[PDB]
Amino acid sequence: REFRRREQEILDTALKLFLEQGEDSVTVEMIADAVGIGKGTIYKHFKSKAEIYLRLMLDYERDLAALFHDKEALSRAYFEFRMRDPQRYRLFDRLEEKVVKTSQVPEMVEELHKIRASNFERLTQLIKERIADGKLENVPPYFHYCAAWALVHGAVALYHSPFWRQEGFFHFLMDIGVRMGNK
Amino acid sequence: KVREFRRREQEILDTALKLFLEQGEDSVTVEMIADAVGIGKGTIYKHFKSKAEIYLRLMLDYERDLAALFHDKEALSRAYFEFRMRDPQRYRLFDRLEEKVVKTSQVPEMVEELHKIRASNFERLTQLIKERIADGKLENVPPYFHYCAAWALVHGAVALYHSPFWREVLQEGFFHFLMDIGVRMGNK
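Residues numbered from 1 in each chain as written, not as in the entry; some residues may be left out. Chains lettered and ligands numbered in written order. Heavy atoms only, no water. Residues with missing side-chain atoms left out of burial classes, pairs and counts.

- The deposited coordinates for this entry were obtained by X-ray crystallography, with a reported resolution of 2.65 Å.

- Looking at the PDB entry, chain B carries the name TetR family transcriptional regulator, with the source organism given as Pseudomonas aeruginosa PA14.
- Per the PDB header, the entry is named "Crystal structure of Pseudomonas aeruginosa PvrA with coenzyme A".

- Chain A carries the name TetR family transcriptional regulator in the PDB entry, which gives Pseudomonas aeruginosa PA14 as its organism.

Structure, rendered in structure tokens:
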């Protein structure tokens, strides 16, 4: 458990330092110095910094997979998962070109693509159900999840524009996604 | 004489825009624009003294087009999202030129005007939202809840229209699906 605990403590501080100052800036030694562990004990978990990037994204899908385990309440919770903390989204967006596109450690890039596809396959099911219940305007479900993606992607860019300065607006965005494409 | 000059300028404009899309703005020069039209090397300089001037002129006519658009409210809200999502690459190109010649005030006489119409166009769409709120169709929240969410749907759609997914979305029905979403988003 203590090893399982330390692996999370490394990743929690890792992602934190990855939101403050640039993920290009933070080194493995910085993470090892920030967590309070040894400069060599950190390598007992992750073999490189790109491997931290990959697991940082695997738990994201592992959490979205847990969320998929009420059709309206769990549809709203989906947009909470995507639109909360848009800096995590923009970091993974940049990380998508560095470690995933350039399959560094292909073992995890392999695993990642699977849980993204499993998470992708768990979404249309909700879509076809909300369509089968006459709530979502009956269209090809590929119409829906593209519009859902095209709104969380634009909301992260919205939250990153010179427009930061907020809760009722966030709930207004969620009510948009739930009522989006509704019959 | 002003009509043939206003027409050749429009021809240079369409030719300059068609070449920035096919080839990218970073490789099209004034000489290539002036040759795909078929005019001399210095006659295109009688219209614009810089490719940057052509840059800001393209974004200026975009806002001029939008100014003529805000001239019913439900039919006006649709024609907006049509104007915004039509030709997403122009928006994508203008997203780049916003950093090249708008951030860097190359020819600041045009950047000043471009910022004033963007403020005048912003006042118009804000009144469209205020009109639909005060009338009673849109939910009575700050109009900033309405055009910020409207800005997000337009942004993520052109980013959807450029993803490796775009062999499919380029349709008429999914386009009309997004604009049903846009007009119905934020309703009471």
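Brief notes about the nonpolar core
- Core analysis: the biggest nonpolar cluster contains 89 residues, and A:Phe79, A:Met83, B:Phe20, B:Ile33, B:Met59 and B:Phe174 have the highest contact counts within it.
- If one sorts the elements of this core by residue count, helix α7 (residues 143-160) of chain B sits on top with eleven residues.
- Excluding residues within four positions of it along the chain, B:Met59 makes contact with B:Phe94, B:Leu97, B:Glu98, B:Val101, B:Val102 and B:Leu114.
- Core analysis: the next-biggest nonpolar cluster, separate from the first, contains 30 residues, A:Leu17, A:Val99, A:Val109 and A:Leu112 among them. (Core = buried A, V, L, I, M, F, W, Y, C linked by side-chain atoms within 4.5 Å. Buried < 20%, exposed > 50% of the residue type's maximum accessible area, 1.4 Å probe, protein only. Helix = DSSP H or I, 4+ residues; strand = E, 2+ residues; numbered from the N terminus. Contact = heavy atoms within 4.5 Å.)

Describing the domain arrangement of chain B
Residue and element names in this part refer to chain B.
- Structurally, chain B comprises domain 1 (1-48) and domain 2 (49-188).
- Spacing between the C-alpha centres of domain 1 and domain 2 amounts to 26 Å.
- Taken together, the 14 residues of domain 1 in the interface contact 16 residues of domain 2.
- Roughly 1,500 Å² is buried in total at the junction of domain 1 and domain 2, and carbon and sulfur atoms are behind 65% of that figure.
- At the junction of domain 1 and domain 2, the tally comes to four salt bridges.
- A salt bridge links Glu25 to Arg96, with the shortest nitrogen-to-oxygen separation between them at 2.6 Å.
- At the boundary of domain 1 and domain 2, one finds eight residue pairs in polar contact.
- Ranked by the residues each element gives to the side of domain 1 that touches domain 2, the list is headed by helix α1 (residues 2-23), at seven residues.
- In terms of residue class, the side of domain 1 that touches domain 2 is made up of nine nonpolar, two polar and three charged. (Domains from an automatic or database assignment. Buried area = accessible area lost by both parts, 1.4 Å probe. Salt bridge = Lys/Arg side-chain N within 4 Å of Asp/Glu carboxyl O. Polar contact = N/O pair within 3.5 Å; in protein donor to acceptor, adjacent residues only side chain to side chain. Nonpolar A, V, L, I, M, F, W, Y, C, P; charged D, E, K, R; others polar.)

A look at the side chain of A:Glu23
Residue and element names in this part refer to chain A.
- Here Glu23 is to be found in the loop between α1 (2-20) and α2 (28-35).
- One polar contact links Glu23 to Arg94, side chain to side chain, over a distance of 2.4 Å.
- When near neighbours in sequence (up to four residues on either side) are disregarded, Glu23 contacts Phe18, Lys49, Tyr53, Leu91, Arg94, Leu95 and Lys98.

Describing the interface of chain A and chain B
- The interface of chain A with chain B comprises 26 residues on the first partner and 27 residues on the second.
- Carbon and sulfur atoms supply 80% of the area buried between chain A and chain B, which totals about 2,100 Å² over both sides.
- When the buried area of chain A at its contact with chain B is split by residue, A:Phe143, A:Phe169 and A:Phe172 rank highest and sum to 26% of it.
- Linking chain A to chain B there are zero salt bridges.
- There are one residue pair in polar contact connecting chain A and chain B.
- Class assignment of the residues belonging to the side of chain A that touches chain B gives a composition of 18 nonpolar, seven polar and one charged.

Comments concerning the packing of helix α7 (residues 141-160) of chain A against helix α8 (residues 167-179) of chain A
All names here are of chain A.
- For the pair α7 and α8, the least separation of the axes is 11 Å and the interaxial angle reads 165 degrees. Classified by the angle their axes make, α7 and α8 are roughly antiparallel. Judged by the sense of rotation from one axis to the other, the crossing of α7 with α8 is right-handed. In this structure, α7 uses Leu151, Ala155, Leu158 and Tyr159 to contact α8, whose residues at the interface are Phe169, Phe170, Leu173, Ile176 and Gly177.
- Partitioning the contact of α7 with α8 into residue classes produces eight nonpolar, one polar and no charged. (Axes fitted to C-alpha atoms, helices over the stretch in contact; angles between N-to-C directions. Parallel < 35°, antiparallel > 145°, perpendicular 65-115°, else oblique. Left-handed = near helix turned anticlockwise from the far one by under 90°.)

Quick word on the UniProt feature "domain: HTH tetR-type" (unreviewed entry) in chain A
- Under the feature "domain: HTH tetR-type" (unreviewed entry), the UniProt entry names residues 4-64 of chain A.
- The annotated region residues 4-64 of chain A carries 67% helix and 0% strand content, and the separation between its end C-alpha atoms amounts to 20 Å. (UniProt positions renumbered as here; feature names shortened; annotations may be inferred.)

A closer look at the UniProt feature "domain: HTH tetR-type" (unreviewed entry) in chain B
- UniProt annotation of "domain: HTH tetR-type" (unreviewed entry) refers to residues 6-66 of chain B when read in the numbering used here.
- End C-alpha atoms of residues 6-66 of chain B are separated by 20 Å, and the span's content is 69% helix alongside 0% strand.

Digging into the packing of α8(A) against α7(B)
- Interhelical geometry of α8(A) versus α7(B) gives an angle of 55 degrees and a closest axis separation of 10 Å. The angle between the axes of α8(A) and α7(B) places the two elements in the oblique class. Our pair here, α8(A) against α7(B), has a crossing hand that is right-handed. The residues of α7(B) that touch α8(A), namely those facing A:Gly168, A:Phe169, A:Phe172, A:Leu173 and A:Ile176, are B:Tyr144, B:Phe145, B:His146, B:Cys148 and B:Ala149.
- Across the contact of α8(A) with α7(B), the residue classes tally to eight nonpolar, two polar and no charged.

Some thoughts on the UniProt feature "DNA-binding region" (unreviewed entry) in chain B
- According to UniProt, the "DNA-binding region" (unreviewed entry) feature falls on residues 29-48 of chain B.
- When the span residues 29-48 of chain B is considered, its composition is 40% helix and 0% strand, and the gap between its end C-alpha atoms is 13 Å.

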